[PDB]
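Residue numbers (the entry's author numbering), protein chains in the order written: chain Ca, 71 to 182, 191 to 258, 269 to 378, 384 to 407; chain Cb, 71 to 182, 191 to 258, 269 to 378, 384 to 407; chain Aa, 1 to 158; chain Ab, 1 to 158.
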Amino acid sequence: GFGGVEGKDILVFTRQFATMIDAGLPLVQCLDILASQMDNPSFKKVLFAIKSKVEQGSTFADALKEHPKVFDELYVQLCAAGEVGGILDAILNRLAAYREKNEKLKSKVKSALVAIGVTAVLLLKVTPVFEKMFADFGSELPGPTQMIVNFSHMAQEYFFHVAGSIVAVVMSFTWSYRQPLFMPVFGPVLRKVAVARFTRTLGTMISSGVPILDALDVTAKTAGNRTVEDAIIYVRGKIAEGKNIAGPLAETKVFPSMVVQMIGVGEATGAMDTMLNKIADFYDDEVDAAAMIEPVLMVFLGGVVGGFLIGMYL
Amino acid sequence: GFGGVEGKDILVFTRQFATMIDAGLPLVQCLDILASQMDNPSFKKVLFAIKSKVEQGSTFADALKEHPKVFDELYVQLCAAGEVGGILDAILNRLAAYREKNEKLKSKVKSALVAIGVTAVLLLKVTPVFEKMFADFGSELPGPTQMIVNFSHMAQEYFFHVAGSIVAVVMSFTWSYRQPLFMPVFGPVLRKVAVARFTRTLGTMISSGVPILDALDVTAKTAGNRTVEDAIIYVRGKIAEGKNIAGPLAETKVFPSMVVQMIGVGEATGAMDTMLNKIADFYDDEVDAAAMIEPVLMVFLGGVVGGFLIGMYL
Amino acid sequence: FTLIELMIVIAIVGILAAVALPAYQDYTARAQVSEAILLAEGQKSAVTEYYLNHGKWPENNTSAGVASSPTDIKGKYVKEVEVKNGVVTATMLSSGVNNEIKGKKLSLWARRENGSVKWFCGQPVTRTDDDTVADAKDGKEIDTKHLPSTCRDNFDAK
Amino acid sequence: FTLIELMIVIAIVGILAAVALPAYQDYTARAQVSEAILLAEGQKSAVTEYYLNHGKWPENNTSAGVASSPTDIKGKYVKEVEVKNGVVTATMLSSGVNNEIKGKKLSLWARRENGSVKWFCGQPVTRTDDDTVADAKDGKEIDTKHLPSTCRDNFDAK
Numbered sequence: 071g072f073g074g075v076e077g078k079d080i081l082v083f084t085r086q087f088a089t090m091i092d093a094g095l096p097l098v099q100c101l102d103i104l105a106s107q108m109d110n111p112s113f114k115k116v117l118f119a120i121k122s123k124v125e126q127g128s129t130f131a132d133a134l135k136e137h138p139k140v141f142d143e144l145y146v147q148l149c150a151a152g153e154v155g156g157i158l159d160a161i162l163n164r165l166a167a168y169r170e171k172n173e174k175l176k177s178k179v180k181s182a191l192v193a194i195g196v197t198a199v200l201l202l203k204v205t206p207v208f209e210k211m212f213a214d215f216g217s218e219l220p221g222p223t224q225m226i227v228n229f230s231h232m233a234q235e236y237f238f239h240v241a242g243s244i245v246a247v248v249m250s251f252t253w254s255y256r257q258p269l270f271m272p273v274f275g276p277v278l279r280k281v282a283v284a285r286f287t288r289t290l291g292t293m294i295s296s297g298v299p300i301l302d303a304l305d306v307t308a309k310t311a312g313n314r315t316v317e318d319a320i321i322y323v324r325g326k327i328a329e330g331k332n333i334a335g336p337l338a339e340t341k342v343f344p345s346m347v348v349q350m351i352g353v354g355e356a357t358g359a360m361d362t363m364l365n366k367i368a369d370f371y372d373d374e375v376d377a378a384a385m386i387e388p389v390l391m392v393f394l395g396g397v398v399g400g401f402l403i404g405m406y407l
Numbered sequence: 071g072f073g074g075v076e077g078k079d080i081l082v083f084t085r086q087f088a089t090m091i092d093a094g095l096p097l098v099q100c101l102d103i104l105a106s107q108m109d110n111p112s113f114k115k116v117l118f119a120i121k122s123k124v125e126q127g128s129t130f131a132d133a134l135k136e137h138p139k140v141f142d143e144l145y146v147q148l149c150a151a152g153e154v155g156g157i158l159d160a161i162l163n164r165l166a167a168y169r170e171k172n173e174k175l176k177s178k179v180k181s182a191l192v193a194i195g196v197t198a199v200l201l202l203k204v205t206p207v208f209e210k211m212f213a214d215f216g217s218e219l220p221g222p223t224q225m226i227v228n229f230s231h232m233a234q235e236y237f238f239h240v241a242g243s244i245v246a247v248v249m250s251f252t253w254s255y256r257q258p269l270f271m272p273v274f275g276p277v278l279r280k281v282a283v284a285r286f287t288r289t290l291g292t293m294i295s296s297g298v299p300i301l302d303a304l305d306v307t308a309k310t311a312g313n314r315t316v317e318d319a320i321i322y323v324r325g326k327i328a329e330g331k332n333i334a335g336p337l338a339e340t341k342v343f344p345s346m347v348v349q350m351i352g353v354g355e356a357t358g359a360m361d362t363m364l365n366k367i368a369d370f371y372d373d374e375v376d377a378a384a385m386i387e388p389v390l391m392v393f394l395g396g397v398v399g400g401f402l403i404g405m406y407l
Numbered sequence: 001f002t003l004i005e006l007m008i009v010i011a012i013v014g015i016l017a018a019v020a021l022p023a024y025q026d027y028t029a030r031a032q033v034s035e036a037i038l039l040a041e042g043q044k045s046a047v048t049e050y051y052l053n054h055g056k057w058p059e060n061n062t063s064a065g066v067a068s069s070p071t072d073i074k075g076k077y078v079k080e081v082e083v084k085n086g087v088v089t090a091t092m093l094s095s096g097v098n099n100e101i102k103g104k105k106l107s108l109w110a111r112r113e114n115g116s117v118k119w120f121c122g123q124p125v126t127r128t129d130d131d132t133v134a135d136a137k138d139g140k141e142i143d144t145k146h147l148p149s150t151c152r153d154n155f156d157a158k
Numbered sequence: 001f002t003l004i005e006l007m008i009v010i011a012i013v014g015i016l017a018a019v020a021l022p023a024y025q026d027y028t029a030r031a032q033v034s035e036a037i038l039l040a041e042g043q044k045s046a047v048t049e050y051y052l053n054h055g056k057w058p059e060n061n062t063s064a065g066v067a068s069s070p071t072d073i074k075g076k077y078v079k080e081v082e083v084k085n086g087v088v089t090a091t092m093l094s095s096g097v098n099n100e101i102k103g104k105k106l107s108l109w110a111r112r113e114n115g116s117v118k119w120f121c122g123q124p125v126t127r128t129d130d131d132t133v134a135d136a137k138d139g140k141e142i143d144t145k146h147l148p149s150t151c152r153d154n155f156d157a158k
């Protein structure tokens with residue numbers, strides 16, 4: 071018996087492979103880099119073993135088959151479908167987006191059938207069960223009827239409470255579904281997520297040995313947010329013209345003073361790889377902290398429960 | 071009407087004065103340095119004005135009196151008590167520790191009625207509500223009584239469950255209050281805080297113009313953690329013998345590969361001041377952000398809930 | 001950083017007890033008085049018979065044919081019950097009762113209906129003549145708030 | 001963040017009073033009617049004797065030899081008791097009673113057994129002949145729900 075790896079940790083590693091492979095590095099060199107940039111041993115250890123099979127000439131799909139407890143049949147088949155069709159790059163991008171959506175969805179049920195499914199049944203009916211069970215403590219409560227009425231009339235009068243229960247359900251479903269003119273002012277710009285991804289990708293390609301300009305040309309093709317893609321094309325154009333990396337960044341609001349000042353050190357130090365790796369880890373942890386997706390649950394959780402109980406009493 | 075300054079910003083500045091004054095720099099030169107190293111204008115601006123009074127010959131206590139909205143009566147009196155008794159150095163160290171405890175205590179109530195208050199009620203009773211909900215689903219559960227007993231006996235037998243609920247509460251309160269044989273292995277070593285303080289102190293004395301070795305001799309007397317003091321005495325001893333600063337650091341785990349690589353660039357560039365200032369501000373921001386403070390919550394969260402449910406079951 | 005759910009819920013049960021304190025404290029007193037009333041009654045029989053058979057109100061317990069000793073008609077909250085000229089007064093003990101009702105009392109008295117009598121229940125009264133009583137005004141009467149709706153009778157109720 | 005134990009427990013006692021409200025309100029009314037019945041009875045004696053001695057039902061209170069004035073046979077919840085041809089009706093006061101029973105009444109009537117009579121208790125009735133009465137149908141009868149199991153008699157009960 072062996073377990074997989076965390077949702078976070080699959081995420082980081084699938085993202086960073088998709089990024090390196092779409093950069094045109096050799097698959098074995100992609101594998102080496104993410105292993106060598108890893109913080110947990112179990113990841114660095116596996117990825118050396120996956121790479122060891124790839125250097126014997128096996129496909130990535132067949133190399134991941136050595137860890138079926140970590141990469142399930144659906145993951146390998148996605149890889150292998152990409153390898154068979156000549157689309158390994160775009161299926162890894164798909165898998166990275168998949169792993170990101172999976173981790174975010176995990177944090178965000180749990181915060182405040192897997193665990194998400196069992197916890198989501200369990201939260202969706204907790205209250206409405208409470209409710210039915212206070213309303214089953216005997217007869218002649220607030221709002222009931224006597225049991226001798228005809229059933230249809232008894233059930234229709236309680237319709238109030240059947241309704242307050244369904245509304246309670248709809249609410250906890252909404253919290254679980256949501257929760258996992270200046271025209272340019274209205275466009276979605278770069279977020280925290282998109283800066284964290286950028287920084288990880290660049291930290292990744294620099295630590296591997298790619299120059300800054302080669303890493304930026306790859307990244308400018310793999311950036312999801314259009315306004316950031318436009319930002320990064322401008323940063324790369326500025327750097328390729330001979331402007332200093334920290335100065336192309338300083339023109340764009342999305343990079344704080346600390347980010348620019350830290351990058352500006354990294355330029356003079358030949359340590360940009362790592363400046364970016366520490367920036368990226370800082371951002372990835374700020375991202376996963378960012384907490385209102387769990388407090389607003391609980392607001393609607395007990396607020397609806399209490400609204401039911403109040404409802405019939407009155 | 072004028073406001074004070076932030077808890078963070080009093081902190082940084084009281085620390086860095088205590089550090090410079092305990093170094094034996096002249097008080098006016100201490101004042102100049104922290105003003106000249108400041109990032110906010112309002113701080114650099116005041117500290118030029120406090121220094122302007124000190125160069126007219128006034129005490130630091132009487133110079134801070136020009137900003138009574140920033141340095142309260144209790145702060146000045148501590149300074150003035152230090153100045154009257156010949157202990158200005160040790161009362162500034164006390165004030166720096168005070169300001170650090172004040173900022174940390176501020177972040178840490180406020181963090182998460192705001193959102194923290196609403197989320198903390200909401201987490202503290204979630205479980206104990208679930209619990210009362212499953213135990214209100216009728217009669218003749220695990221451990222109950224029949225309703226016809228006398229109330230006092232019924233309530234006393236359940237005392238088990240009333241107790242398992244309170245314990246559940248105490249636990250989630252502990253996680254919210256805390257959280258905001270190899271004998272040497274058991275000693276508290278250097279933390280993030282202690283590295284951030286060290287780096288700020290050194291960034292501070294180098295930017296002011298002190299050499300590395302003069303700054304290390306002061307710092308080795310003002311380091312609070314004993315194991316770090318022992319580390320820093322070894323770093324200073326190595327440097328004074330003619331070993332290169334990055335090489336004395338590289339022997340000690342508390343300095344990452346990059347802190348060392350960055351310091352190693354600073355040695356060859358004559359920019360150790362700039363390097364240390366940016367290292368320190370990176371660390372100070374990592375400190376105030378700060384991942385095990387959230388995983389251990391959840392351990393006690395569901396672990397206590399489950400302990401209750403099992404408790405009456407049996 | 002965290003633990004406020006345990007701190008607030010221990011402090012809402014604390015204030016819940018403070019709000020439930022005066023409710024249980026008059027419900028409680030009102031309960032201890034309802035007995036002084038039951039101990040006072042059931043002695044109406046003796047008094048009624050004595051009056052109808054003789055046409056004069058029983059002067060004291062012995063006359064009424066009841067525990068010759070007032071203190072022998074006590075209870076948990078009742079320190080006694082004395083018959084004074086047909087008027088039966090019940091005294092509240094000093095131990096085991098509210099706080100503003102101990103050592104306090106009420107009275108039951110009757111009136112000639114001619115062939116029968118009618119009983120009243122209320123705050124302490126003294127008998128003047130065979131068909132008239134008056135407030136035993138003195139300061140030891142059980143406060144109106146502690147008396148049932150059935151025991152709000154005035155000295156001149158008819 | 002915290003305080004819901006005080007808020008819910010103050011709101012469960014509030015709703016507990018609302019559930020305990022109708023129980024105390026019919027237990028209460030049912031109690032106020034049980035007396036109209038006691039005031040009605042004890043007047044059976046006069047009526048019985050009058051009938052057995054004369055063979056005719058007493059026309060009114062005075063005939064039956066009772067407080068010549070109906071209003072003189074009142075109570076706390078009883079506004080009076082009138083004897084109308086052997087039928088004794090009790091009226092519920094307007095003050096101090098439930099709400100759906102005030103100004104409402106019941107009747108006690110008897111029937112010749114020949115040598116003796118048997119009494120009935122139920123909703124208001126009128127006497128037709130010496131051995132027959134009928135529903136005093138008019139809308140002021142105390143509702144069946146407020147009447148004891150011993151006072152559910154119909155106009156033609158034998």
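From the three backbone atoms N, C-alpha and C, an ideal C-beta is built for every residue, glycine too.
Check                                                                                                                                                                                          : Outcome
Applying a beta-carbon distance threshold of less than 7 Å, which residues of chain Cb neighbour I10 (chain Ab)?                                                                               : Within 7 Å Cβ-Cβ: nothing; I10 (chain Ab) doesn't reach chain Cb, min ~16 Å.
Classify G139 (chain Ab) as helix, strand or coil using the three-state DSSP reduction.                                                                                                        : coil
Unbroken beta strand (DSSP E) runs of length 3 or more, entirely within the segment 19-105 of chain Ab: which are they?                                                                        : 78-84 and 87-92
Buried or exposed, going by whether 16 or more other CB atoms sit within 10 Å of the CB of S116 (chain Ab)?                                                                                    : exposed
In three-state DSSP terms, what is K118 (chain Ab)?                                                                                                                                            : strand
From this set, Aa:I8, Aa:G96, Aa:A23 and Aa:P124, which residue's C-alpha is nearest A40 (chain Aa)'s C-alpha?                                                                                 : Aa:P124
Buried or exposed: which applies to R256 (chain Ca), given that a residue is buried once 16 or more other Cβ atoms fall within 10 Å of its Cβ?                                                 : exposed
For the candidate residues Aa:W119, Aa:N98 and Aa:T150, whose alpha-carbon lies nearest to that of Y24 (chain Aa)?                                                                             : Aa:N98
Pairing CB atoms from the segment 93-112 of chain Ab with CB atoms from the segment 59-79 of chain Ab, are three or more of them under 8 Å?                                                    : yes
Say whether chain Aa places a C-beta atom closer than 7 Å to the C-beta of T2 (chain Ab).                                                                                                      : yes
Leaving out five residues on either side along the sequence, give the residues of the same chain with a beta carbon under 6 Å from the beta carbon of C149 (chain Cb).                         : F130 and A131
Under 7 Å, do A90 (chain Aa) and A36 (chain Aa) count as touching if we go by C-beta distance?                                                                                                 : yes
Assess, as a yes-or-no matter, whether the segment 344-358 of chain Ca is touched by the segment 352-368 of chain Cb under the definition of 3 or more beta carbon pairs within less than 8 Å. : yes
Using the beta-carbon of each residue, which ones in chain Cb are nearer than 9 Å to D373 (chain Ca)?                                                                                          : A377, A378 and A384
Using CA coordinates, which residue listed in Aa:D153, Aa:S149 and Aa:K158 is at the minimum distance from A31 (chain Aa)?                                                                     : Aa:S149
Leaving out five residues before and five after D361 (chain Cb) in sequence, what residues of the same chain have Cβ atoms less than 6 Å from its Cβ?                                          : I294 and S295
Tell whether a beta-carbon distance below 7 Å holds between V140 (chain Ca) and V124 (chain Ca).                                                                                               : no
Closer than 7 Å by beta-carbon distance: list the chain Cb residues that pair up with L6 (chain Aa), in chain order.                                                                           : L202, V247, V248, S250 and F251
Select from the segment 146-170 of chain Ca all residues with a C-beta closer than 7 Å to any C-beta belonging to chain Cb, and list them in chain order.                                      : none
Using a threshold of 7 Å, state whether the C-beta atoms of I320 (chain Ca) and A308 (chain Ca) are closer than that.                                                                          : yes
With DSSP as the reference, label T310 (chain Ca) as helix, strand or coil.                                                                                                                    : coil
Can you check DSSP and say which residues form a bridge with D129 (chain Ab)?                                                                                                                  : Ab:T132
Would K118 (chain Ab) pass as a contact of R111 (chain Ab) if the rule is Cβ separation under 7 Å?                                                                                             : yes
Could you work out which residues of chain Ca lie near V19 (chain Ab), taking near to mean beta carbons separated by less than 8 Å?                                                            : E218, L219 and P220
Is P388 (chain Ca) close to chain Cb, meaning its C-beta is less than 7 Å from at least one C-beta of that chain?                                                                              : yes
Have a look at the DSSP bridge pairing and note the partners of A166 (chain Ca).                                                                                                               : DSSP output for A166 (chain Ca) lists no bridge partner at all.
Got a sec: is the Cβ-Cβ distance from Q257 (chain Cb) to anything in chain Aa below 7 Å?                                                                                                       : yes
What number of angstroms, rounded off, separates the C-alpha of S68 (chain Aa) from the C-alpha of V81 (chain Ab)?                                                                             : 39 Å
Let's see if you can read the secondary structure: which residues bound the alpha helix (DSSP H) around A246 (chain Ca)?                                                                       : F229 to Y255
Output the boundary residues of the alpha helix (DSSP H) element that contains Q99 (chain Cb).                                                                                                 : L97 to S106
Verify the CB distance criterion: does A198 (chain Cb) have a CB-CB separation below 7 Å to chain Aa?                                                                                          : yes
Among Aa:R152, Aa:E141, Aa:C121 and Aa:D131, whose alpha-carbon lies nearest the alpha-carbon of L38 (chain Aa)?                                                                               : Aa:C121
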